[PDB]
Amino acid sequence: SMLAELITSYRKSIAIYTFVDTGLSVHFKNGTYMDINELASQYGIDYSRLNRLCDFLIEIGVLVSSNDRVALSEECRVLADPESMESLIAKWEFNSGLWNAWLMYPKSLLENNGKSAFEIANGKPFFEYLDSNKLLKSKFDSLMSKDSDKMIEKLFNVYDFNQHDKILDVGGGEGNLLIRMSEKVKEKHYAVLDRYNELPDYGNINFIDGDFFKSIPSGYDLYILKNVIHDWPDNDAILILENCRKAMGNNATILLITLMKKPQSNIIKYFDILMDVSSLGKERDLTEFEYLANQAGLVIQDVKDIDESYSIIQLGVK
């Protein structure tokens, strides 16, 4: 039945996770056809068990078959590229911490104690958990950087970054937004604020180890908040925006790069439940963003679509 299919859908996700995690995926570049017997021998996997996994991946349209040889389907070819968005999701999404968070979604709803399903499952908030696991953080950080890679060209078209001299990426992680930005937009003071166990290095980017709940570095004319605000409950989001307001000058800009609840967005509902489970975060409409801005002592000056899901919100001091 349709309902039976929905309940067992998670097995499709796990089949893809397994294909990548085993190291098999990177042998299927450019829709090339592989002998399963050969792969099984190389990796010391039982042929029959590997063939049964491939049969399932054929059934769900990830693999195609021809003369006892298997290739990635046209739509799933990106899975052979380890730097593809889909590969980076497959290498992050199924980490034991986030996987177990989902089981505590019901408990997190019934308790209503300000603890996310993730914190109930793992005994630590999401970003504390990442702070304690270097390899898992690099997998998350890599996925976030790929999001900046996919958006930078769309971003240039909707906002003139060249009008700014000093730019701070607030919660910028690896700082890939500014790395990509620095390729077209030259002779700027580029800086990134995040939580770092070790400060990263890249060109003349000023990486600052800090905490946007405590303070925001002053003296920047542009403050960028990309995929930050949706992580946080209202009060936490207001504190970040308020710390930004107190740090910034009267002629300075805050630019939110954010998913926004718009009429057509299936994808925002998937992010909404992920944000809830991960950190009691949420996706917001323009009215909810207006509320955050007003509470923080800011005003929205401009709103523009980056694409169907993503938008820029330009704020100044009220």
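Numbers follow the displayed sequence, beginning with 1.
Between 106-114 and 165-173, it is 106-114 that carries the larger average Cα temperature factor according to the deposited entry. The question of which stretch, 13-21 or 294-302, has the higher mean Cα B factor is settled in favour of 294-302. Per the deposited record, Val26 carries the highest C-alpha B-factor of all listed residues (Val62, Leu274, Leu53, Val26).
Within the group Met151, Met144, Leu193, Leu98, the record's highest C-alpha temperature factor is found at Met151. Looking at the C-alpha B-factors along this chain, the one for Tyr129 belongs to the middle third. For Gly123, the recorded CA B-factor ranks within the middle third of the chain. Only modelled residues enter the ranking. Among the modelled residues of its chain, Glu187 has a C-alpha B-factor that falls in the highest third according to the deposited record. Per-chain ranking of the deposited C-alpha B factor places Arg180 in the middle third.
Ranked by Cα temperature factor within the chain, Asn235 sits in the middle third according to the deposited record.
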